[PDB]
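The form deposited in one PDB entry is given below as one chain in structure tokens.
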């Protein structure tokens, strides 16, 4: 025989406190933080509008960053045959975009307004754009089974726009989702849910959900260290494990 700790570990789960076992039997609500749980959390370019010079200019600035956006753009550009050019006065204004200088021209890359995600400026003039997406995880949910495993209420939280969340949502038979949320919004939703009856299990990663996870009745964090908050760490990185955990 092994400890119950040893048995959970063998299954793909690290139990950060032995008190979680009794706590889960009471759970009535499952909340997914979209990015990194229902998706791989890996951005990919789905469309570029502009010509090959603009593409080279934007790529050559993004190369000096480590942002996941930067890496995707640079990856796409080399696949199109772009050669990376020498940049100066680089600057990555955290939380907005990036910038640099080439052949006397000033190049900025940042968030775009209407129907695109990212925009490229040359000396103040907008001349090209990108659309960027995540990838949904292979399997899917016998989410019915989740809605069978008990009478479980299921909810999706996302920072993305209404039609990207709604698409994924309808894709998977989940009618309750909230789009466009700030980190502080998610905290407000969890507080209201607890304040009127519900016992909440929440799955997230390590980003704009640290505070939300700390507030839930039972927290689950992805393996992708000192995972601080969570009751349970899914080293498996496979959502099927806990899916199995739910039923007990």
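Under this definition, the rigid core comprises the largest set of C-alpha atoms superposing within 1.5 Å between the forms. Residue numbers count along the first chain shown, from 1.
Missing here is the form deposited in another entry; even so, the following discussion is about that form.
Remark: with the core as the superposition reference, the CA shift of residue 27 between the shown form and the other one stays below 2 Å.
When two forms of a protein are overlaid on their rigid core, residues whose CA moves 2 Å or more are considered shifted, and residue 92 is one of them between the shown form and the other one. In the other form, the CA atoms of residue 93 and residue 212 move farther apart by at least 3 angstroms compared with the shown structure. The pair residue 208 and residue 116 is tighter in the other form: their Cα-Cα distance falls by no less than 3 Å compared with this form.
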